[PDB]
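Undergrad: Generate coordinates for the sequence data below:
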Amino acid sequence: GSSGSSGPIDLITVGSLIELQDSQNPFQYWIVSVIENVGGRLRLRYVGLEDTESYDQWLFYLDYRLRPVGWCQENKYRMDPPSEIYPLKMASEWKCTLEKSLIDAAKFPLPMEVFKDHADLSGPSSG
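TA: Numbering: from 1, shown residues only. The coordinates are given below.
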């Protein structure tokens, strides 16, 4: 493990399930699971590809893409993986790991504190 300063780094622990956005598909999102945490370096990996270690992704808890699992359950804008993997596996294989994962998040969920932020949230304005 690793015990550094007192912050969000200690709050997050390998395995923690979190949501991520797509560079190309902003409206679309997917569920990932923390593979490893190196001083804030959370190596996310689209659920289902646990076996393979090529289509992984590394990011810091200080990112905007990192979102809590459950928000998409309010609007459900669009919950689907990237076409870079979607085809790699069977639609069923993507839905299987998707569901099972959802539950896990409810068993090993992280404290909001982790994503404790705030900024201009006022309604839009015509221009």
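Undergrad: what's the closest non-adjacent residue to the most centrally placed residue in the chain?
TA: The centre of the chain sits closest to residue 19, judged by CA atoms, centre = their mean, with a distance of 2.4 Å. Of all residues not flanking residue 19 in the chain, residue 67 sits nearest, at 4.3 Å (CB to CB, 6 or more residues apart in numbering). For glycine as for every other residue, the C-beta is placed from the backbone atoms N, C-alpha and C.
Undergrad: Now the one you found. Its backbone dihedrals?
TA: The phi and psi torsions at residue 67 (degrees, to the nearest 10) take the values phi -130, psi 150.
Undergrad: same deal with residue 19?
TA: Phi and psi for residue 19, reported as degrees, to the nearest 10, are phi -90, psi 160.
Undergrad: rewinding a little: wait, the residue nearest to the centre of the chain sits on residue 32?
TA: Yes: counting by CB atoms under 8 Å, residue 19 touches residue 32, with 7.2 Å between them.
Undergrad: picking up where we left off before, now do the residue nearest to residue 19 against residue 90, distance only.
TA: Residue 67 is 27 Å from residue 90, where distance means CB to CB, to the nearest Å.
Undergrad: which of these two has more neighbours?
TA: The residue with more neighbours, out of residue 67 and residue 90, is residue 67; 15 against 10, by other CB atoms under 10 Å.
Undergrad: how about the strands of this structure, start to end?
TA: Under the criterion DSSP state E, strands of the chain are mapped to 17-21, 29-33, 37-38, 41-44, 57-60.
Undergrad: Go ahead and produce CSV holding the CA coordinates of the longest helix seen in the chain.
TA: Identified as the longest helix of the chain according to DSSP state H is helix 91-107. Only the C-alpha atoms of helix 91-107 are listed here, as CSV (Å, rounded to 0.1, in the frame of the first residue of the first chain):
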residue,chain,number,x,y,z
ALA,A,91,-22.5,-6.7,-26.5
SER,A,92,-23.5,-9.2,-23.7
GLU,A,93,-19.9,-9.3,-22.4
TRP,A,94,-20.1,-5.5,-22.0
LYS,A,95,-23.5,-5.5,-20.3
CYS,A,96,-22.5,-8.4,-18.0
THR,A,97,-19.5,-6.7,-16.4
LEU,A,98,-21.5,-3.4,-16.5
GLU,A,99,-24.2,-4.7,-14.2
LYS,A,100,-22.1,-6.8,-11.8
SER,A,101,-19.8,-3.8,-11.5
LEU,A,102,-22.7,-1.4,-10.7
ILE,A,103,-23.4,-3.5,-7.6
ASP,A,104,-19.8,-3.7,-6.5
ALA,A,105,-19.7,0.1,-6.4
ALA,A,106,-22.5,-0.1,-3.8
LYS,A,107,-20.3,-2.4,-1.8
